[PDB]
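Chain by chain, the residues run as shown.
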Amino acid sequence: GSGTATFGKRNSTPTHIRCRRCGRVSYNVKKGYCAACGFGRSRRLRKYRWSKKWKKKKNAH
Amino acid sequence: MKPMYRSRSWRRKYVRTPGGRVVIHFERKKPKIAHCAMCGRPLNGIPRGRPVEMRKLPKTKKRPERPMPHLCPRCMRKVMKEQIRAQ
Amino acid sequence: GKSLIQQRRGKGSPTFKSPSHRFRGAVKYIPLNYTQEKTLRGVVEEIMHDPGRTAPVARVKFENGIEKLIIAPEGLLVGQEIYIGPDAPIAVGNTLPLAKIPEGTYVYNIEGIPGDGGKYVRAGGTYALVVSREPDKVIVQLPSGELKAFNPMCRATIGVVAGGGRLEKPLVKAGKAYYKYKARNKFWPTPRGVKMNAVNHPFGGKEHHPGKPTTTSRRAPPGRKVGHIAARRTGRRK
Amino acid sequence: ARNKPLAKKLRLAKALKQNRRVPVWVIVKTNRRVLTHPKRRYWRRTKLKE
Amino acid sequence: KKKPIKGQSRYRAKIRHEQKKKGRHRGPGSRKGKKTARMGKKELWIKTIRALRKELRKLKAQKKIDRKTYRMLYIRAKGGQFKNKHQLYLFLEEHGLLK
Amino acid sequence: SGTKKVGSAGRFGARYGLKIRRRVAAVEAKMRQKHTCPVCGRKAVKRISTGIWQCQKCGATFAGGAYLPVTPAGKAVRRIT
RNA sequence: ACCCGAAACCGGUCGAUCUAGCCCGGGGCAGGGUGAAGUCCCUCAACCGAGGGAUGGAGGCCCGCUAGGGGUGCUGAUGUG
RNA sequence: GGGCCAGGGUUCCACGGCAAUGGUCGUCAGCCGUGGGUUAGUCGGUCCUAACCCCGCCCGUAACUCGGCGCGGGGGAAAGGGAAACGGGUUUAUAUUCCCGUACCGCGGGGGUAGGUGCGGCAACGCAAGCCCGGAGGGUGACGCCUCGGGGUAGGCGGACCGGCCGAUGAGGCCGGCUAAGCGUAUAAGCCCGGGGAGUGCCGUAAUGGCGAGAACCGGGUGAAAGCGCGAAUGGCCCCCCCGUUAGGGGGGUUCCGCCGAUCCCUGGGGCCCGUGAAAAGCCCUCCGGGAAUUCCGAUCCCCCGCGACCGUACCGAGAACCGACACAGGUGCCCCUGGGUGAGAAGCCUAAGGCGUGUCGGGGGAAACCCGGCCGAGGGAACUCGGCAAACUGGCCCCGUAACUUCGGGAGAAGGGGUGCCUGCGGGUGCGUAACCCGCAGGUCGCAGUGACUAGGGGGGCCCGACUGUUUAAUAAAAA
RNA sequence: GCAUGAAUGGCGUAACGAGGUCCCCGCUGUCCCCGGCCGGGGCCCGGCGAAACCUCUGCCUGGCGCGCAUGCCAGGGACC
Ligand SMILES: [Zn+2]
Ligand SMILES: [Zn+2]
Ligand SMILES: [Zn+2]
């Protein structure tokens, strides 16, 4: 166990689906919030200074 | 069969069609019989059936024509005797 | 190190939270306004088994249309009538203030404060005894052997709680215990701290012995109160 | 899956329409400099982002 | 065209069934299940007791025995004294309880 | 039904120990008897649940002990009242 | 501070589709054996007793390549499978 | 093999192809090019609520997108609850969705009628049994595990008859002999209604059991799955004949008895809990209050007319369409279902239906040595080895027989011994039966061997540890932990 | 009793165990002592066709040597 046979149980509900706000497939469906933009958990975008992901979008890094 | 029909809440019947093909028919189970409010004994004159069957019938074909159709005859007579004596 | 079972229980996780939805509901007395200065009649409609209560429960419908759930006293009959109030006759199943209950009587479900709903003597098969009555306090002997003083206006029910003797029979099987404790979501099976690693328990270690006395101070901090807490003594009393 | 939501179905439809080859007239107009696009996809090999 | 089915035959099985009815292919060496598995217990008791009750009721209806005799034989049958109606009739004739 | 000692504890076979089996058998034998009903006064009382007993003739149902319809404390309070 | 290489330490965040625990709602376990409590009947004597035969279906019971689950030995095969 | 979730997202269908992909080749393809394909009042989502979650107020925090009790609002199940449709046909690809035939539910409307103002029964009850608005109560929805009786239905078996194929154009074998929702219609168990007045007691069940708090017994009421009639032969199935250059057209039949019988349905018993095995929506009835109705109002009853929105619907569903980098011997889904013989058996073996020859590189050969997987080996029988490791012995069923010890339950299938095939006739149990299932008896006879293949325990005696069932280091430790 | 001992329990114990250990019947290719046969590889032929690894090379006896040399010293062999 813990190897090849384990990955066969990935046929359940996906953990993350598309997010209506940011358009990225990071919407935690069971809990009900986005792991990228914070949709459904906060009104303001989830932005952190230690993260370069939101700078990569606008080539501003 | 579909996962919904895999449930045991459906009763399944095997039938053979006039065209010669065997088919599986699923039906919803009928409810239980009405029971007396006081002692819990089964009532009489109240047919069993799901809501559609119950609505398929007229008013007088789904309950007895006597006062307090929700009680069995002993309870009905007992309650009326007590009420008359109290009055 | 790592946390203890008692430490983890304080965070209210589902592993430790009680399943208060399988049960029939709390059994509290009707509001004191109804019961004080007035006496109400009620009829016992049903007696049933409460998953986590250790005692049977009963449904009562009062003359004012109020329905309530009570702890059934031993010998209670379905369809009988009970009375709640100062003028209630002294009989099993009747609730009335301690001031009106003669001494030498068995009572249960005593109110700690007038109108609190009852805290004391609620387990199955338990009862308390009325010792003395005074204008400012009523002395009652509790199941633990303590003489406690209650306000005279505190309410109690006459009789003994049904379901006594439950401990006479063995729980023969680990499965029997499994179902008993799963009914209320109590931590079972339980481990022994002496067989844990040193990271987990004060008594943990490769050797399966406590390296320190098992009597812990009452002033010890959380994560250390294990074994015999503030024990006056230990062992067998001769 | 047998049961699908409309929004996911529409996104899958957009991806399906995207997955096609470059027009031959586009190739000749561009003089063979444009021969493919980055959205080509094989269902059993390259899986959709959703 | 649609080819016809290659239907399996039951001729040998039919012959074997006739032989077994006669009493063949039934010895100890042709048995695999337990004797109870072969002739169940509760079903046998049900058959015999229902037969005995039916016979007793028939006798009472025909008036060959009185009410006391019917009662005594009923409790005896429940107790299991009689393993078959032949033994029941042997008891009747032996005790002279049959009119 | 013809067992010298095991009684109702014969379902356990050779398990759980002499004292456990004896105490189980005694408690169950006492509980499974027929008890006098407090209403109709006939020996037709059976336990339907832990602490709940019912008469099989008149239908009266009451609350009693875990394994016996009446306990010493209940008897004492009944006589006192 | 000529250039490369650490185990590690701190901050904020992401994870219970694997796996651990618990809650809610649901599907499954061929065939057979043994025979607990309960409930009885028959025969001779009767100052006591003695001799037989049923019924009933419990079990963290038993055999079992049913399905399903587990992984003791061969330290078997494979061990760029 | 058949049906189908999750996941995949065009992989589905036709035509045209083989530069690349496919463990070889390939004219083939889940591959490349072109053009197509998913039709719903009834099937699912949509409605209800379960565990649980979210927003607002409120409190805390330096503060917050952070932690939190109480009040108010909302969400939360495509296998829980929950209105209504099934046959035939059609396309290369869709059909409970399209076409024909026959139905049902929701809303609104029109013409009548029951009733407002009506009856039959001692009774249980039988009835069309007034309309609208608001409220209360009862029932149903609505429920654990184990075990057994009764009533059915799928499927299966034997016989007769009709048509057809093989066979000697003998005996004999096989193939077809079909029937949906909907509508109308009754009993079984359970419970009830009247009469009746028992005990040196009777009555009854598989069993437990019931009776002056009302038994036996004689009349009845209500009450399921089913069967029966229409639907319905004009449909489907088998066969025959004439035209046969393509292309077509007609005539027959499709009828009965006897058994076994479900894990599929309906219904009642009994037992267990220190274990008590969901809620709401919806639906039915009753009762209270209020509002109209008399040349008038008015249905839960008959007849008819109109309207019923949004989204999924192709396909695989796995030893090649999912996850694991793969057309991966793993995992997910074996999640639901299964003719005949042997047989206790959903075991092993053979075989019908359906499927496949793609668990996709082929050809040659006394063509060796050696390695993996199997079969047998004379004489001895553990002398091998750390150690009987591996293999071997026994093996199903019937009968006899069975020790130390013991917690009296067990040990126990202890140990050990005898039998087992086929054929010809009888006896027995339940049964109406010479139907079906099972149980004995006598005789004749063949082999080395009769559980002849398949299936299928080797046994006993000391000691240590842990009482037992159970759990553990997923990937070197299953243990005395 | 180098250095056991009574709830970090003492002693005993029926039933149970893919736990550890000793003995006996029966059995056998474990062994004396290995020999035949069957299917798949191995081998040859037609196709598709890699990887680990690689300073350059690559015969020996006595030795010197960072003390155990295919490559140095003296000898012996060696057709590809
Ligand atoms: Zn987002
Ligand atoms: Zn009643
Ligand atoms: Zn009673």
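Residues numbered from 1 in each chain as written, not as in the entry; some residues may be left out. Chains lettered and ligands numbered in written order. Part of a larger assembly, values for the part shown. Heavy atoms only, no water. Residues with missing side-chain atoms left out of burial classes, pairs and counts.

Judging from the entry metadata, cryo-EM is the method by which this structure was determined, and 2.84 Å is the reported resolution.

Tallying secondary structure elements over chain D gives two helices and zero strands in all. By the compact-globule yardstick of 10 Å for 50 residues, chain D is too spread out, its C-alpha radius of gyration being 14 Å. Dimensions along the principal axes, computed over C-alpha positions, put chain D at roughly 45 × 20 × 15 Å. Per-residue burial over chain D gives 10% buried out of 50 residues. Total accessible area computed for chain D in this model is approximately 5,100 Å², and 56% of it derives from carbon and sulfur atoms. (Helix = DSSP H or I, 4+ residues; strand = E, 2+ residues; numbered from the N terminus. Rg over C-alpha atoms; globule rule 2.2 N^0.38 Å. Buried < 20%, exposed > 50% of the residue type's maximum accessible area, 1.4 Å probe, protein only. Areas by Shrake-Rupley, 256 points an atom, 1.4 Å probe, with all protein chains shown as cover.)

Residue and element names in this part refer to chain F. Judged from the two bridges that link them, strand β1 (residues 35-36) and strand β2 (residues 43-49) form a sheet pairing that is antiparallel. Among the inter-strand pairings, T36 is bridged to a residue of β2, identified as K43. Here β1 folds back onto β2 in antiparallel fashion, the turn holding six residues, of which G41 has a positive phi close to 65 degrees. (Pairing = 2+ DSSP bridges.)

Next up on the list: the coordination of the zinc ion (ligand 3). Residues and elements named next belong to chain F. Within the protein, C37 (SG), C40 (SG), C55 (SG) and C58 (SG) serve as the donor atoms for the zinc ion (ligand 3), at 2.3 Å. In this structure, the zinc ion (ligand 3) is surrounded by four donor atoms whose angles at the metal cover 108 to 110 degrees, and the resulting shape is tetrahedral. For the zinc ion (ligand 3), the single-chain donor residues occur in sequence as C-x2-C-x14-C-x2-C. A relative accessible area of 1% places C55 in the buried class. (Donors = N, O, S within 2.8 Å, 3.2 Å for Na, K, Ca; no water. Tetrahedral: all angles 85-135°; square planar, octahedral: opposite > 155°, others 65-115°.)

With that settled, the discussion passes to the sheet that holds strand β1 (residues 16-18) of chain A. Residue and element names in this part refer to chain A. Spatial strand order, β1-β2-β3: three strands in an open sheet with antiparallel pairing. If you trace the sheet from one side to the other, it starts and ends with β1 and β3 (33-34), each paired once. Pairing geometry for strand β2 (residues 25-28) and β3, over two bridges, is antiparallel. What sits directly across from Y27, in β3, is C34.

All names here are of chain A. Taken together, the protein donors to the zinc ion (ligand 1) comprise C19 (SG), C22 (SG), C34 (SG) and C37 (SG), at separations of 2.3 Å. Classification of the site at the zinc ion (ligand 1) as tetrahedral follows from its four donor atoms and the range of 107 to 112 degrees in their angles at the metal. One chain supplies every donor to the zinc ion (ligand 1), and in sequence these donors are spaced C-x2-C-x11-C-x2-C. Neither residue differs from the other here; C34 and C37 are each classed as buried.

Now for the protein's contact with RNA strand G. By nearness alone, 48 residues border RNA strand G, and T36 of chain E together with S1, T3, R15 and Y16 of chain F come closest of all. Per the 4 Å cut-off to the protein, sugar and phosphate atoms form 78% of the nearby atoms of RNA strand G. A distance of 3.4 Å is found between a sugar or linking oxygen of RNA strand G and a side-chain nitrogen or oxygen belonging to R10 of chain A. Take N28 of chain A: an N or O atom from its side chain is 3.0 Å from a phosphate oxygen of RNA strand G. When residues of the surface near RNA strand G are traced back to their parent elements, those giving at least two are α3 (174-182) of chain C together with α2 (35-38), α3 (41-62) and α4 (67-79) of chain E. A per-class count over the surface near RNA strand G returns 12 nonpolar, 21 polar and 15 charged. (Near = heavy atom within 4 Å. Polar contact = N/O pair within 3.5 Å; in protein donor to acceptor, adjacent residues only side chain to side chain. Nonpolar A, V, L, I, M, F, W, Y, C, P; charged D, E, K, R; others polar.)

Let's shift gears to the packing of α3 of chain E against α4 of chain E. Residue and element names in this part refer to chain E. One way to put it is that α3 packs onto α4 with a least axis distance of 10 Å and a crossing angle of 175 degrees. One element, α3, and the other, α4, form an angle in the roughly antiparallel class. Listed contacts from α4 to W45, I49, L52, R53, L56, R57 and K60 of α3 are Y70, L73, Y74, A77 and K78. By residue class, the composition of the contact of α3 with α4 is eight nonpolar, no polar and four charged. (Axes fitted to C-alpha atoms, helices over the stretch in contact; angles between N-to-C directions. Parallel < 35°, antiparallel > 145°, perpendicular 65-115°, else oblique. Contact = heavy atoms within 4.5 Å.)

Quick look at the pattern of salt bridges now. As enumerated under the stated definition, the model contains 17 salt bridges over all chains in all. Residue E65 of chain B is joined to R63 of chain B by a salt bridge in which the shortest nitrogen-to-oxygen separation is 2.9 Å. Note that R59 of chain C and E67 of chain C form a salt bridge whose closest N and O atoms lie 3.0 Å from each other. Classification of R59 of chain C by relative accessible area gives partly exposed; the value is 26%. (Salt bridge = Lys/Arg side-chain N within 4 Å of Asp/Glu carboxyl O.)

Our next topic: the arrangement of the chains. Looking across the three pairs of chains in contact, one finds the most contacts between chains C and F. The closest approach of any C-alpha atom in chain C to one in chain D is 33 Å; the two make no contact. In this assembly chain B lies apart from chain F, the nearest approach of their C-alpha atoms being 10 Å.

Attention shifts here to the packing of α3 of chain E against helix α5 (residues 85-95) of chain E. Residue and element names in this part refer to chain E. Between α3 and α5, the least distance of the axes is 10 Å, while the angle of their chain directions is 40 degrees. In terms of axis orientation, α3 runs oblique to α5. Residues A51, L52, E55, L56 and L59 of α3 lie in contact with α5, whose contacting residues are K85, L88, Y89 and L92. Grouping the amino acids of the contact of α3 with α5 by side-chain chemistry returns seven nonpolar, no polar and two charged.

Further remarks concern the nonpolar core. Residue and element names in this part refer to chain C. By size, the foremost hydrophobic cluster in this structure holds 24 residues, and its most contacted members are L98, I101, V107, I110, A128, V140 and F150. Those elements giving two or more residues to this core turn out to be β3 (67-71), β6 (106-108), β7 (128-134), β8 (137-141) and β10 (155-158). In this view, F150 contacts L98, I110, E111, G112, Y120, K137, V138, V140 and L142; residues no more than four positions away in its chain are not counted. Judged by nonpolar contacts, the second largest core, of 16 residues, contains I30, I47, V60 and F62. (Core = buried A, V, L, I, M, F, W, Y, C linked by side-chain atoms within 4.5 Å.)

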